[PDB]
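Chemist: The following block contains the structure, expressed as structure tokens.
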Amino acid sequence: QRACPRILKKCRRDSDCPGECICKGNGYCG
């Protein structure tokens, strides 16, 4: 439940996501 700007970027892991963005189940940063 970390703060994260909504963007459509495919994540290969949470660390792949900017800031405190997490890798959503659909495989995007959220």
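Determined via solution NMR.
Every residue gets a Cβ built from N, Cα and C, even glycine.
Heads up, here are the entries from Swiss-Prot:
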DISULFID  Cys4-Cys21  disulfide bond
DISULFID  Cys11-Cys23  disulfide bond
DISULFID  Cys17-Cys29  disulfide bond
MOD_RES   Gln1  pyrrolidone carboxylic acid
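Thinking about packing and proximity, how do these listed features fit into the structure?
Modeler: Under DSSP, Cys21 (disulfide bond) is assigned to coil, being neither helix nor strand in the three-state scheme. Sequence-distant contacts (6 or more apart, same chain, Cβ under 8 Å) of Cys21 (disulfide bond) comprise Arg2, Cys4, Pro5, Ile7, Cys11, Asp14, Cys29, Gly30.
Within the same chain, residues at least 6 positions away in sequence whose Cβ sits under 8 Å from that of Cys23 (disulfide bond) are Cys11, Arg12, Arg13, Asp14, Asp16, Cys17, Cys29, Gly30.
Neighbour count (other Cβ atoms within 10 Å of the Cβ, all protein chains): 22 for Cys17 (disulfide bond).
Secondary structure from DSSP puts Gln1 (pyrrolidone carboxylic acid) in coil.
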Chemist: What same-chain residues, at least 6 away in sequence, bring their CB to under 8 Å of the CB of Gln1 (pyrrolidone carboxylic acid)?
Modeler: none
Chemist: I need the least crowded one of these disulfide-bonded residues (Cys4, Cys11, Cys29), counting other C-beta atoms within 10 angstroms of each C-beta.
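Modeler: Looking at the disulfide-bonded residues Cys4, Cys11, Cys29, the Cβ with the fewest others within 10 Å is that of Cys4.
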Chemist: Translate the DSSP assignment of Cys11 (disulfide bond) into the three-state scheme.
Modeler: coil
